[PDB]
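Trainee:
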Amino acid sequence: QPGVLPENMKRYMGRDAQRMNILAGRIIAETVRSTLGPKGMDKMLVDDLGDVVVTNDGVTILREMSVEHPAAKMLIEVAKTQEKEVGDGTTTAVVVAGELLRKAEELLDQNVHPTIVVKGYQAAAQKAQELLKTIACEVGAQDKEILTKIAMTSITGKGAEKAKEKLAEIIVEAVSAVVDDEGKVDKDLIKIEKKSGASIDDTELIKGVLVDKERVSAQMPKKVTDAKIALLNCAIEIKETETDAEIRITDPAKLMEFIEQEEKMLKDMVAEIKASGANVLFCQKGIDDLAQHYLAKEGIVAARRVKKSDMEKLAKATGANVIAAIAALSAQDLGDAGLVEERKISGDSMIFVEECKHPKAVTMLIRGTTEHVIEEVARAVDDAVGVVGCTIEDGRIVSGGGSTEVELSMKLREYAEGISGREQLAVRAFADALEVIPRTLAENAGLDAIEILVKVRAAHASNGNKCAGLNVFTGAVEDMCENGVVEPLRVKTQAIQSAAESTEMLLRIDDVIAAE
Amino acid sequence: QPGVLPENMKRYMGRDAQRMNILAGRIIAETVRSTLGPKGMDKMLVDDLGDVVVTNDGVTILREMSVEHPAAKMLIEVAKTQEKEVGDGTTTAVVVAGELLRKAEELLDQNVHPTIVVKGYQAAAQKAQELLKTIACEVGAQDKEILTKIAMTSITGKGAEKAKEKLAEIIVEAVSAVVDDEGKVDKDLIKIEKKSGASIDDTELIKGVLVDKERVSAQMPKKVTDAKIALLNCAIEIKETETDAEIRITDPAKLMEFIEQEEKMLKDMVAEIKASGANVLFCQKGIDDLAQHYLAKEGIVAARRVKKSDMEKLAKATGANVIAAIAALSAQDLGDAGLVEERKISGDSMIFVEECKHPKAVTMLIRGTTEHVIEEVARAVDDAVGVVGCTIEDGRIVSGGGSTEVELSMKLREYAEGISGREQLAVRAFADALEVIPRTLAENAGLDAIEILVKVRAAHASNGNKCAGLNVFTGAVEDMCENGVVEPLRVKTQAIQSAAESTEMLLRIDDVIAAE
Amino acid sequence: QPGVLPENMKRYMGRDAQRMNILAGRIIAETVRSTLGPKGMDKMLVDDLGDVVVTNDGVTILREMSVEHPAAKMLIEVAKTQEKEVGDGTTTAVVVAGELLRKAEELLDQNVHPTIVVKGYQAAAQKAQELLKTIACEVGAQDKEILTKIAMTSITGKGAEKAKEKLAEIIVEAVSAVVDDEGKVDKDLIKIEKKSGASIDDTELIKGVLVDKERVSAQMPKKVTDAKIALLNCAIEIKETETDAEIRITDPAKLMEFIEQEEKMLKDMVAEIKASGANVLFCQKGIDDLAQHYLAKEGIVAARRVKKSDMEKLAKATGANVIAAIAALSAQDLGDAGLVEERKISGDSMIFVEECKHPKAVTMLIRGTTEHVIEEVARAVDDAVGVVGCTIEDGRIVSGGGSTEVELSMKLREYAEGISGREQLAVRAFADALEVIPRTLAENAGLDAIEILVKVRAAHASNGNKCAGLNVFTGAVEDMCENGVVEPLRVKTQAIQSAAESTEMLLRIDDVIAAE
Amino acid sequence: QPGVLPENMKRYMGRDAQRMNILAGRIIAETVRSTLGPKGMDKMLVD
Ligand SMILES: Nc1ncnc2c1ncn2[C@@H]1O[C@H](COP(=O)(O)OP(=O)(O)O)[C@@H](O)[C@H]1O
Ligand SMILES: Nc1ncnc2c1ncn2[C@@H]1O[C@H](COP(=O)(O)OP(=O)(O)O)[C@@H](O)[C@H]1O
Ligand SMILES: Nc1ncnc2c1ncn2[C@@H]1O[C@H](COP(=O)(O)OP(=O)(O)O)[C@@H](O)[C@H]1O
Ligand SMILES: [Mg+2]
Ligand SMILES: [Mg+2]
Ligand SMILES: [Mg+2]
């Protein structure tokens, strides 16, 4: 009378704390597990507003569930980071982390101290990163045949039926276009546009951008070839001074002198824009209705109040400078595009700026029969852009289908031999955890994981094939590299590192104190 | 349209049902785990009425918690059965069952099918039973030394402090004395009485019984040596007919003639009791106040309305025959006892019938300073009576301290080699599960289970020493047989068979359907 | 204006009624599906009282999940009758039923009228009963080797591990023993007692009965060899006239004269029982406290107030006659037993009447480690007893493993060829339905049902192994009759007829009117 | 598992829909019928 710590709190100590964290992780892991690989299935998620999401995407599934459990939230972070650093393998990272917790339980139930488990996992993770470097194969950032296999593998992971060669080719062309002068890929430089239509095969790559604006005046050309584009962020209105300034009029005559003076400078603004040679204009602010007319007379296509995000993208695509002062508009600020057309797409009117030659931003136009069908294709397209860009930046790949994990697993066991004592148990555990991937690939495929795993493990033993993996379609062990089943080194290195760091952090916890 | 199964129910399928049972099992095992062994600790259980139990007794703890979880209830049954068939090792049984469930989870996580683990478990258990037979030593039903070591070990299992030589010797004598013609032991022939007093060391064995009664008339002797005892099933009251009868009196004088005839029937009943040579009498029913005087006038001690259970044991102890008709009574129906005394014990007035020559029932009078202190001594005396009972009936024992489980474990692994493919994993898991006993023993002793196992395991290898186990005290591996740490074969055979059958039953479950 | 049909009613018409019924049926079928065959898994059913049921038994499951849906109730009835008429194959009957509903929906969805579906179903069923007759093998009522296979097969269906050669032989001996002169086998004559113990292998057959009672006086022998058993349904007390009667006493001396005449009436009742030759007495009503004495002084074992249920079974076993009047008790009315002994079992004392010569009632004493494990063995025994009885009664059997179903289905397609009209679609559908069994057996075994069905069909085509079926244990198509996997003809004929009649009934419904 | 069409709705099919409309139609006709012609009568409507 009374208590020290609040009366309004739950608390779980020792083995109870370890259990609830481990359990929470394992359950999260098991939620996305059934989505892994080609034979994986999809979730349909519905929120409280009744909006639905149908996806095979690990991190998407995890964000869309209202997971409130604290240890679970920690594992979701593993996915969010995989999405951010790589753009693919979010399910893998989560499932590996889950396996690491499970494997840790069996050591904690022998009374191996948690710090020792932690020590072992840390040692194993580091060795794994060293091993991954020797396992990876080098590739050039210009190796299109290879980049296209990277994209194919990625799209396949979301079901073989989406893995179009056309689609993969488009994607490779798109990432290639936006590679910068330092060799980095910014995935935002690829505008993604989603428009219902006849078929998914209608998805196309636009050398330029799509703007959701109609041209300001119908008297303007709907179409213009080899255009000279002008980007303004200043308003084409009568300029007012920043200082408070009022006009005073005493002479009835001078009433029209001020009106005329205003419209004479508008006519002078347009005159200035025409003078620079531009026949197409995108303005961020507004355009006085009279200037609209004046622009139209000269046959200049103009669109108004274009959002910042679009402006910045337009400049990137045509090589134009977003100019802030009309007077300062010279003809070297004009971008250049093959075709600029106002056109309808799925009943929506939009301005297409396309057929640019050396564009620094491009647009994936994704097509499909229905919103939710399109939505998942886009998610697939996002994965593929991720891993293609990773490959272009790193120039390292590994074979897929569980082959890299098995090789890695097999090398870590060898490593475990030379570890003295109890830490060794943890290192074996870490090694064995990695096989959750090849096992999960086979389960989802309906095959028998135990025997499959013996077969693959055998094709890896003593100078075998590091590329040996199960082929879920034929049911055999094959050279996954010779089959074009490949993925960026970054997917494995990030996923393992994330898995190791988050589980190590959870495994150090011996006390949970929750309020409310 | 409505549902088929009632919408008023929770259902758990596949992995979920499996985790539900397996988890509920383990948790139930983990609650009793800290009681195991001489260095185990006690629970204090408080119910809804505020009544309290403090015990180290496995099945008592499990019974006294009001467990609702269906899987948990299935394991509690294992404890209940161990109590009934053996009377000791309830905690061992359950902790082994829990471990079998845990070891089974590792198998199910690898996609070993439930029916296979069940198969392997069943094989391993059958083999364990066969090994247990070769492992056991033969002893004689009358080997006081070994029996005494059996009792001592049982009582140590509830703390070395309770294990006084005096107490084990009392118990061995108690059980020995109630063994019947066929060499069987009826726990119920040994009456337990609990009375507070100076000390637990005051606990004594009575070659007789304690009857919760006072002699009916204070005029009667309260001490009788070399007593001749009569046991009556009929009441010493006026006898009436079953056929409805009634007296008609028309003659004033005929009053006293009836009163005096009823008064004479009594004097006759007593006079018949006298003739048999009896001087002490126990009547299951009532004695007419008037007959009480006549008995008193004759110097015959008598108690009225004796609990039939008391009559049944008085008979067992003294050699008397419970007689249902006074006329049939004869000196041959009389029992014998060296001392019948009415005296007070901790303030309660009772009759001791003691110093009987060859009693077929006896009384453990358990003493202690306080009610709850006594209760636990009692529970400890029950475990001991149980195992001495088993040793007398079976004449087979095993060494303890985890030695036998380790030996089994070591040997079942040798067996598992001959098993082909996949069942093998289960068999090896069963072997591994038994090591939970030596592991738990040592962790409760504050020792390091992992290295202790390595040491004990070594002492068993290369045709070593089946009796080797950890001494929770010295902290070293010793010969438990030389240390007198021994237990009935039936303790292990029941425990393991119980744990095997119930987990097998639970492992076959893939759907849980719960109502309300 | 005020509404005709009540306003509380729910109504489903046409398509909606058909789908409601057809769905409810399939759902019920699906909940027992996972239990079918040797690789079947069990369900755990909890009720609103916390009471638990773990079983593989189809009808037991369906009965215990308190199902409300009307269409589903109709299908439970199929299981209940399989149980009454046969004792095994309750899951098979329900699963076939569900399948017939399913195949009916594919026909309904092509606008085949329900009456036509009904008509085709009836024809296919009738033809199946004629095919089944030619498919069965003749068998001897006393061919133990075959009966034992029949029993072995029944027990395996509830899991391999319960399939003991020993258990099967016991069961055959038990059924064989109660077969009456006409050759009919009444399940009720085989009493089932359940008592915890060392293990399931401790299950024994008693040629006789167990009585839940103790002898009335300890003075009576606790064990008698080659016993003469009297069974008296009247009470061994003083007889009272049915006409109201009362004694008048007027002479103080003629007081004892009545007591003494009642004491002589008991003594005589006993003397007459002894003159029968009887040394064991089971009485249905009470036994006067005093007569209990005279019985012991004559060395007669006597048990009082034995329930009418047991008297009847005692008489059936020993060859005795329940006598209503001690007077007319002759040496011919006594039954004979090799051994009558009162002993303890699971710590409960009972009277064993065993080693009878020609028992027409017997006892399966079932043993297991825990209550809930025993329960399941008991059902396994119930099933085996059923089908052993069916074989003895019928003399016709078929091969298991879904083999008879495949034959039946292949032949029925031959029959369908020569049928014209939409009717043909319903018959061919009835044929296809049967294959739900082989399919479900394979699926539960983790096998691939489609190709396995392809192989089994092939082994049946063009004369032709009717006994060919999939061995879940090897994964190969084998000769089930040479593998010993056999079952009574009545299992299939009852199941199929049940499934056909109830679904035909359901298919005729176009309107459901539920109230409240 | 839940319903497709919202459980918060009444539905009338086949003959029932037909009787519903046909009846609601006739009743509406029958309320104004007594006004028809020179010998028709008036309504008093109160809101
Ligand atoms: N053709 C293939 N055969 C076998 N495995 C494949 C194939 N294509 C992709 N995979 C594997 O599927 C996994 C990725 O599957 P996916 O469902 O996209 O999960 P994640 O969200 O973790 O990327 C990787 O392990 C990859 O090796
Ligand atoms: N002196 C001892 N040294 C080591 N182990 C012992 C000793 N005495 C008893 N044990 C072990 O303790 C275990 C039983 O402990 P106990 O707490 O009574 O549990 P249970 O309820 O299962 O009998 C057995 O393995 C027994 O061999
Ligand atoms: N050894 C076996 N191999 C293959 N099938 C078997 C074997 N034993 C039994 N069966 C099949 O199992 C089915 C019985 O399943 P069961 O679980 O008993 O449910 P039920 O008898 O209640 O329908 C029958 O089709 C029988 O042919
Ligand atoms: Mg992927
Ligand atoms: Mg003990
Ligand atoms: Mg069956």
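Chains as they are written, first to last, in our numbering: chain A, 1 to 516; chain B, 1001 to 1516; chain C, 2001 to 2516; chain D, 3001 to 3047. Ideal Cβ placement from N, Cα and C applies to all residues, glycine included.
1) Return the bridge partner residues of B/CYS1137 from the DSSP annotation.
2) Taking only beta-carbon atoms, is C/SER2346 less than 8 Å away from chain B?
3) Cβ atoms of A/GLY335 and A/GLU354: under 8 Å apart, would you say?
4) Whose C-alpha, out of A/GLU99, A/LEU255, A/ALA384, is nearest the C-alpha of A/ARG428?
5) Can you list the residues of chain B that residue 541 of chain A reaches, using a CB-CB cut of under 7 Å?
6) Would you call the region 2166 to 2182 of chain C and the region 2253 to 2265 of chain C touching, i.e. three or more CB-CB distances under 8 Å?
7) How far does the alpha helix (DSSP H) with C/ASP2268 in it reach, from first residue to last?
8) Would C/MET2044 count as contacting chain B if we go by Cβ distances under 8 Å?
9) Go through its chain and collect everything with a Cβ distance to B/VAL1472's Cβ below 8 Å, but skip five positions before and after it.
10) Hey, C/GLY2208 and C/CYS2390: beta-carbon distance below 8 Å or not?
11) Would you kindly check if the distance between the Cβ of B/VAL1216 and the Cβ of B/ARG1304 is under 8 Å?
12) Could you name the residues of the same chain whose beta carbon sits closer than 6 Å to that of B/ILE1419, not counting the 5 residues immediately before and after it, in chain order?
13) Across which residues does DSSP place C/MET2013 in a beta bridge pair?
14) Out of C/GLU2504, C/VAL2512, C/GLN2219, C/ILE2061, which has the shortest C-alpha to C-alpha gap to C/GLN2126?
15) Could you check whether B/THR1243 and C/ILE2238 sit closer than 8 Å to each other, using their CB atoms as the reference points?
16) Does the beta-carbon distance from B/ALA1433 to B/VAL1096 come in below 8 Å?
17) Along chain B, which residues have their Cβ under 8 Å away from the Cβ of A/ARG102?
18) Is it a yes or a no for the region 1481 to 1500 of chain B touching the region 1390 to 1399 of chain B, going by three-plus beta-carbon pairs under 8 Å?
19) Near ligand 6, which residues have their beta-carbon less than 6 Å from any of its heavy atoms, given in chain order?
20) Does any residue of chain B bring its CB to less than 8 Å from the CB of C/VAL2059?
21) Less than 8 Å between the CB atoms is what I'm expecting for A/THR35 and A/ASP42, so what's the real figure, rounded?
22) Please list, in chain order, all residues of the same chain as A/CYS234 whose beta carbon is under 7 Å from its beta carbon, the five residues on each side excluded.
23) State the Cα-Cα distance for the pair B/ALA1124 and C/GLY2025, rounded to the nearest angstrom.
24) Using 8 Å as the Cβ pair cut-off and three pairs as the minimum, do the region 1075 to 1091 of chain B and the region 1374 to 1389 of chain B touch?
25) Tell me which residues share the same chain as C/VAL2053 and place their Cβ nearer than 6 Å to its Cβ, disregarding the 5 neighbours each side in the sequence.
26) Could you give the distance in angstroms between the alpha-carbon of A/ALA151 and the alpha-carbon of A/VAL373?
27) Any chance the CB of B/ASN1471 is under 7 Å from a heavy atom of ligand 2?
28) Unbroken beta strand (DSSP E) runs of length 3 or more, entirely within the region 291 to 369 of chain A: which are they?
29) What three-state label does DSSP hand C/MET2480 in the structure shown?
30) Among A/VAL4, A/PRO359, A/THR148, A/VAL270, whose alpha-carbon lies nearest the alpha-carbon of A/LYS313?
31) Roughly how many angstroms lie between the CA atoms of B/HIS1460 and C/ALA2160, to the nearest whole one?
32) Where does B/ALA1072 fall in DSSP's three states?
33) If you draw a straight line from the C-alpha of A/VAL381 to the C-alpha of A/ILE155, how long is it?
34) Please tell me whether residue 1999 of chain C has its Cβ less than 8 Å away from any Cβ of chain B.
35) So does the region 1271 to 1281 of chain B actually touch the region 1293 to 1308 of chain B, counting three or more Cβ pairs closer than 8 Å?
36) Short of 9 Å Cβ to Cβ, which residues in the region 1482 to 1511 of chain B face chain C?
Mentor: From the atom records:
1) B/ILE1397
2) yes
3) No, these two residues do not count as a Cβ contact at 8 Å.
4) Nearest option by C-alpha distance: A/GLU99.
5) Absent from the structure is residue 541 of chain A, since the part of chain A shown begins at 1 and ends at 516.
6) In this structure the region 2166 to 2182 of chain C does not touch the region 2253 to 2265 of chain C; the number of beta carbon pairs closer than 8 Å is below three.
7) Segment 2256 to 2276, the alpha helix (DSSP H) holding C/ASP2268.
8) yes
9) Excluding sequence neighbours, B/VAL1472 sits near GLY1037, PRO1038, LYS1039, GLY1401, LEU1441, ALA1442, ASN1444, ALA1445, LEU1447.
10) no
11) yes
12) Around B/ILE1419: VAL1427.
13) C/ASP2511
14) C/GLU2504
15) yes
16) The answer is yes: Cβ separation under 8 Å.
17) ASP1109
18) Yes: at least three Cβ pairs fall under 8 Å.
19) C/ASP2088, C/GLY2089, C/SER2154, C/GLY2157, C/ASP2383
20) no
21) 7 Å
22) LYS285, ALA324, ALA325, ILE326
23) Going from the Cα of B/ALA1124 to the Cα of C/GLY2025 covers about 42 Å.
24) yes
25) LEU2045, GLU2064
26) 19 Å
27) Because some heavy atom of ligand 2 lies under 7 Å away, the Cβ of B/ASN1471 counts as near it: yes.
28) 301 to 303, 335 to 345, 348 to 354, 362 to 368
29) coil
30) Ranking A/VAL4, A/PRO359, A/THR148, A/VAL270 by Cα distance to A/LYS313 puts A/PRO359 first.
31) Cα to Cα, the separation comes out at about 35 Å.
32) helix
33) 7 Å
34) No answer is possible for residue 1999 of chain C: it lies beyond the span of chain C, which begins at 2001 and ends at 2516.
35) yes
36) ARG1490, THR1493, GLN1494, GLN1497, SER1498, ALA1499, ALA1500, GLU1501, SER1502, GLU1504, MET1505, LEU1506, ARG1508, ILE1509, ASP1510, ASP1511
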